[PDB]
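Asker: Just one file: upload.txt, with compact mmCIF, C-alpha atoms and all ligand atoms.
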# COMPACT_ATOMS: atom_id res chain seq x y z
CA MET A 1 122.22 -52.23 -136.07
CA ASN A 2 125.29 -52.84 -133.93
CA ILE A 3 128.75 -54.50 -133.95
CA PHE A 4 127.42 -57.97 -133.13
CA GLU A 5 124.77 -57.91 -135.80
CA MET A 6 127.18 -56.43 -138.27
CA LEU A 7 129.86 -59.08 -137.73
CA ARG A 8 127.29 -61.80 -137.68
CA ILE A 9 126.35 -60.66 -141.12
CA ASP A 10 129.91 -60.60 -142.41
CA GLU A 11 131.14 -63.81 -140.92
CA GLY A 12 128.09 -66.01 -140.91
CA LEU A 13 127.59 -68.89 -138.42
CA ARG A 14 128.76 -72.46 -138.79
CA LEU A 15 128.62 -75.16 -136.22
CA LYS A 16 131.26 -77.41 -137.85
CA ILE A 17 134.91 -76.80 -138.35
CA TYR A 18 135.41 -75.11 -141.68
CA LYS A 19 138.05 -73.41 -143.85
CA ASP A 20 137.96 -69.63 -144.17
CA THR A 21 138.47 -67.55 -147.26
CA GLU A 22 142.25 -67.96 -146.74
CA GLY A 23 142.06 -71.79 -146.16
CA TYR A 24 142.35 -71.68 -142.35
CA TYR A 25 140.50 -73.80 -139.91
CA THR A 26 137.71 -71.84 -138.38
CA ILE A 27 134.42 -72.29 -136.59
CA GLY A 28 131.32 -70.51 -135.31
CA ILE A 29 131.16 -66.80 -136.11
CA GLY A 30 134.51 -66.21 -137.73
CA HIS A 31 136.51 -67.77 -134.84
CA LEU A 32 139.97 -68.61 -136.26
CA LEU A 33 141.24 -71.75 -134.77
CA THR A 34 144.63 -72.17 -136.36
CA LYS A 35 146.74 -71.42 -139.41
CA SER A 36 148.28 -74.88 -139.42
CA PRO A 37 147.11 -77.22 -142.19
CA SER A 38 146.35 -80.03 -139.72
CA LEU A 39 142.79 -80.78 -138.86
CA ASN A 40 143.90 -82.43 -135.72
CA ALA A 41 145.65 -79.36 -134.60
CA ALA A 42 142.40 -77.55 -135.29
CA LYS A 43 140.43 -80.06 -133.27
CA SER A 44 142.78 -79.71 -130.37
CA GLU A 45 142.45 -75.95 -130.44
CA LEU A 46 138.70 -76.14 -130.56
CA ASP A 47 138.55 -78.47 -127.54
CA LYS A 48 140.93 -76.30 -125.72
CA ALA A 49 138.76 -73.21 -126.57
CA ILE A 50 135.48 -74.81 -125.53
CA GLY A 51 136.55 -76.86 -122.57
CA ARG A 52 135.37 -80.21 -123.82
CA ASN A 53 135.86 -82.97 -126.31
CA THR A 54 133.99 -81.60 -129.22
CA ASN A 55 134.77 -83.86 -132.09
CA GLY A 56 134.71 -80.70 -134.32
CA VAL A 57 131.19 -79.64 -133.55
CA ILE A 58 129.77 -77.00 -131.29
CA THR A 59 126.45 -75.68 -130.32
CA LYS A 60 125.00 -72.27 -131.05
CA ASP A 61 125.47 -71.15 -127.45
CA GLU A 62 129.09 -72.17 -127.65
CA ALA A 63 129.49 -70.27 -130.94
CA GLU A 64 128.09 -67.19 -129.35
CA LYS A 65 130.24 -67.40 -126.36
CA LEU A 66 133.37 -67.52 -128.54
CA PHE A 67 131.92 -64.56 -130.42
CA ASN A 68 131.46 -62.50 -127.28
CA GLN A 69 134.98 -63.09 -126.23
CA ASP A 70 136.24 -62.21 -129.69
CA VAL A 71 134.49 -58.89 -129.88
CA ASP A 72 135.63 -57.95 -126.44
CA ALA A 73 139.17 -58.89 -127.26
CA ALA A 74 139.06 -56.86 -130.44
CA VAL A 75 137.84 -53.80 -128.64
CA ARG A 76 140.45 -54.18 -125.94
CA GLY A 77 143.15 -54.86 -128.44
CA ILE A 78 142.29 -51.58 -130.16
CA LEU A 79 142.33 -49.69 -126.91
CA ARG A 80 145.69 -50.92 -125.89
CA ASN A 81 147.21 -50.24 -129.36
CA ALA A 82 149.17 -46.97 -129.60
CA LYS A 83 148.40 -46.56 -133.19
CA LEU A 84 144.84 -47.70 -132.98
CA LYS A 85 143.60 -45.95 -129.85
CA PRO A 86 143.77 -42.46 -131.13
CA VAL A 87 141.86 -43.32 -134.23
CA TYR A 88 139.14 -45.09 -132.45
CA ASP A 89 138.86 -42.22 -129.98
CA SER A 90 138.39 -39.77 -132.74
CA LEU A 91 135.56 -41.60 -134.45
CA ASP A 92 131.81 -41.59 -134.17
CA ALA A 93 129.87 -44.67 -133.06
CA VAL A 94 129.20 -46.22 -136.46
CA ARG A 95 132.69 -45.79 -137.71
CA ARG A 96 134.17 -47.29 -134.51
CA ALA A 97 132.17 -50.38 -135.41
CA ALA A 98 133.78 -50.40 -138.81
CA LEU A 99 137.24 -50.34 -137.21
CA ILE A 100 136.37 -53.13 -134.76
CA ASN A 101 135.22 -55.22 -137.70
CA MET A 102 138.45 -54.84 -139.58
CA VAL A 103 140.34 -55.67 -136.41
CA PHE A 104 138.22 -58.73 -135.91
CA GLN A 105 138.92 -59.97 -139.40
CA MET A 106 142.55 -59.09 -139.68
CA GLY A 107 144.14 -58.50 -136.32
CA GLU A 108 145.48 -55.43 -134.69
CA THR A 109 148.75 -55.73 -136.45
CA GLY A 110 147.09 -55.87 -139.84
CA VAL A 111 144.95 -52.79 -139.32
CA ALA A 112 147.68 -50.83 -137.62
CA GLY A 113 149.31 -51.38 -141.03
CA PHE A 114 146.81 -49.14 -142.85
CA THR A 115 148.78 -46.19 -141.72
CA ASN A 116 147.78 -43.85 -144.41
CA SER A 117 144.06 -44.65 -144.18
CA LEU A 118 144.28 -44.25 -140.42
CA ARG A 119 145.74 -40.79 -140.73
CA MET A 120 142.96 -39.87 -143.13
CA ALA A 121 140.41 -41.23 -140.72
CA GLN A 122 141.77 -39.03 -138.02
CA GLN A 123 141.58 -36.00 -140.29
CA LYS A 124 138.05 -37.05 -141.18
CA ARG A 125 138.84 -37.16 -144.89
CA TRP A 126 136.18 -39.78 -145.72
CA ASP A 127 136.32 -40.01 -149.49
CA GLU A 128 140.05 -40.07 -149.54
CA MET A 129 140.24 -42.74 -147.00
CA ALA A 130 137.78 -44.90 -148.90
CA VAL A 131 139.96 -44.71 -152.00
CA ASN A 132 143.04 -45.61 -150.02
CA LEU A 133 141.46 -48.49 -148.24
CA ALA A 134 140.62 -49.96 -151.59
CA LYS A 135 144.22 -50.25 -152.68
CA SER A 136 144.89 -53.32 -150.64
CA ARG A 137 145.10 -57.03 -150.81
CA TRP A 138 142.26 -57.03 -148.31
CA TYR A 139 139.99 -55.37 -150.79
CA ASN A 140 141.13 -57.55 -153.73
CA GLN A 141 140.58 -60.83 -151.79
CA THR A 142 137.19 -60.09 -150.11
CA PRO A 143 135.77 -57.24 -152.12
CA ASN A 144 132.17 -57.46 -151.03
CA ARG A 145 133.00 -57.24 -147.41
CA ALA A 146 135.58 -54.68 -147.91
CA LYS A 147 132.96 -52.63 -149.86
CA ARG A 148 130.62 -52.77 -146.91
CA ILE A 149 133.29 -51.53 -144.49
CA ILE A 150 134.41 -48.88 -146.94
CA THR A 151 130.91 -47.51 -147.32
CA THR A 152 130.51 -47.52 -143.66
CA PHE A 153 133.58 -45.39 -143.17
CA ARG A 154 132.69 -43.18 -146.01
CA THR A 155 129.15 -42.48 -144.91
CA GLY A 156 129.15 -42.96 -141.20
CA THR A 157 125.77 -44.91 -141.59
CA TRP A 158 124.68 -48.57 -141.72
CA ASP A 159 123.35 -48.35 -145.24
CA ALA A 160 125.60 -51.10 -146.52
CA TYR A 161 124.15 -53.48 -144.07
CA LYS A 162 120.46 -52.66 -144.53
CL CL B 201 139.79 -68.89 -127.43
CL CL B 202 133.65 -60.68 -149.70
Show me, as structure tokens, the structure contained in the file I just sent.
Answerer:
Amino acid sequence: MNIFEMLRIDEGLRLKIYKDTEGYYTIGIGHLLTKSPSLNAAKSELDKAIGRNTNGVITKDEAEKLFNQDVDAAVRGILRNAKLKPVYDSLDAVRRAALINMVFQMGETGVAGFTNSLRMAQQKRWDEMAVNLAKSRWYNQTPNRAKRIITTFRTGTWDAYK
């Protein structure tokens, strides 16, 4: 199992513009296009992202290319973040994947916001962190996914995804 497979499981894959769990225009493998309620604005963004006139549809290869960029960006975003870097550096390989995932879904700013869970992660207090992560809007809005990430952090294994 790895980060790509893991996120592909959590986000799915759609070749047409769609609305996420929060109502935002998205496409491919969890690629957020815009927060604006306008479909046109979403279409413009998509064309701009792909480099062609898409008419709201992409191909699998195109989806994957956006995905690659997105993972890379997430990783890099974590590494440049003062609050995130240290955490990431302290973790093992599976848990790092859990952190990348959260960053992918919610942005660097959002995760940097889980201050208390981050501190617990650094102290390697697994069960406490899992309780703390649960007390969040994130967990209340997308509980199944959150559960998967939580287990991952708690156990340091890919059991939730097998
Ligand atoms: Cl982009
Ligand atoms: Cl969910």
Asker: Using all atoms listed in the file, can you tell me which of A:58, A:73, A:6, A:13 comes closest to ligand CL 201 (chain B)?
Answerer: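 Of the candidates, the smallest distance to ligand CL 201 (chain B) is held by A:73.
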Asker: For ligand CL 202 (chain B), list the contacting residues at 7 Å or closer, counting all atoms listed in the file, as a tab-separated table (two decimals) with C-alpha atoms, in the frame of the given file.
Answerer:
chain	number	residue	atom	x	y	z
A	142	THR	CA	137.19	-60.09	-150.11
A	143	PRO	CA	135.77	-57.24	-152.12
A	144	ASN	CA	132.17	-57.46	-151.03
A	145	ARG	CA	133.00	-57.24	-147.41
A	146	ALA	CA	135.58	-54.68	-147.91
Asker: So which residues are near ligand CL 201 (chain B), meaning at most 10 Å away with only C-alpha atoms and all ligand atoms counted, given back as a list in words?
Answerer: residues 31, 32, 33, 45, 46, 47, 48, 49, 50, 51, 65, 66, 67, 69 and 70 of chain A
Asker: Do you have, as a Markdown table, the list of residues of segment 17-90 of chain A lying at most 12 Å from segment 105-121 of chain A, each with its nearest atom pair and that distance in Å to one decimal, counting only C-alpha atoms and ordered by chain then number?
Answerer:
| residue | atom | partner | partner_atom | distance |
| --- | --- | --- | --- | --- |
| A:20 | CA | A:105 | CA | 10.8 |
| A:21 | CA | A:105 | CA | 10.9 |
| A:22 | CA | A:106 | CA | 11.3 |
| A:26 | CA | A:105 | CA | 12.0 |
| A:29 | CA | A:105 | CA | 10.8 |
| A:30 | CA | A:105 | CA | 7.8 |
| A:31 | CA | A:105 | CA | 9.4 |
| A:32 | CA | A:105 | CA | 9.3 |
| A:70 | CA | A:105 | CA | 10.3 |
| A:71 | CA | A:105 | CA | 10.6 |
| A:73 | CA | A:107 | CA | 10.3 |
| A:74 | CA | A:108 | CA | 7.8 |
| A:75 | CA | A:108 | CA | 9.9 |
| A:76 | CA | A:108 | CA | 10.2 |
| A:77 | CA | A:108 | CA | 6.7 |
| A:78 | CA | A:108 | CA | 6.7 |
| A:79 | CA | A:108 | CA | 10.2 |
| A:80 | CA | A:108 | CA | 9.9 |
| A:81 | CA | A:108 | CA | 7.6 |
| A:82 | CA | A:112 | CA | 9.0 |
| A:83 | CA | A:112 | CA | 6.2 |
| A:84 | CA | A:112 | CA | 6.3 |
| A:85 | CA | A:112 | CA | 10.0 |
| A:86 | CA | A:118 | CA | 9.5 |
| A:87 | CA | A:118 | CA | 6.7 |
| A:88 | CA | A:121 | CA | 9.2 |
| A:89 | CA | A:121 | CA | 10.9 |
| A:90 | CA | A:121 | CA | 8.4 |
Asker: Could you tell me which of A:63, A:104, A:24, A:15 comes closest to residue 36 of chain A if we count all atoms listed in the file?
Answerer: A:24
Asker: By how many Å are atom CA of residue 130 of chain A and atom CA of residue 153 of chain A apart?
Answerer: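 It comes out at 7.1 Å.
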Asker: From the list A:38, A:140, A:44, A:152, which residue is nearest residue 102 of chain A when using all atoms listed in the file?
Answerer: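 Nearest to residue 102 of chain A: A:152.
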Asker: Would you work out the distance separating atom CA of residue 52 of chain A from atom CA of residue 28 of chain A, expressed in Å to one decimal?
Answerer: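 These atoms are spaced 15.6 Å apart.
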Asker: Of the candidates A:132, A:156, A:40, A:94, which shows the shortest atom-to-atom distance to residue 1 of chain A, using all atoms listed in the file?
Answerer: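 The answer is A:94, which sits nearest to residue 1 of chain A.
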Asker: Which is closest to residue 18 of chain A among A:92, A:3, A:134, A:34, if we use all atoms listed in the file?
Answerer: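 Residue with the minimum atom-to-atom distance to residue 18 of chain A: A:34.
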Asker: Atom CA of residue 27 of chain A and atom CA of residue 149 of chain A, how far apart in Å?
Answerer: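 These atoms are spaced 22.2 Å apart.
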Asker: Considering only C-alpha atoms, can you say which of A:131, A:23, A:148, A:41 comes closest to residue 99 of chain A?
Answerer: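 The closest residue to residue 99 of chain A is A:148.
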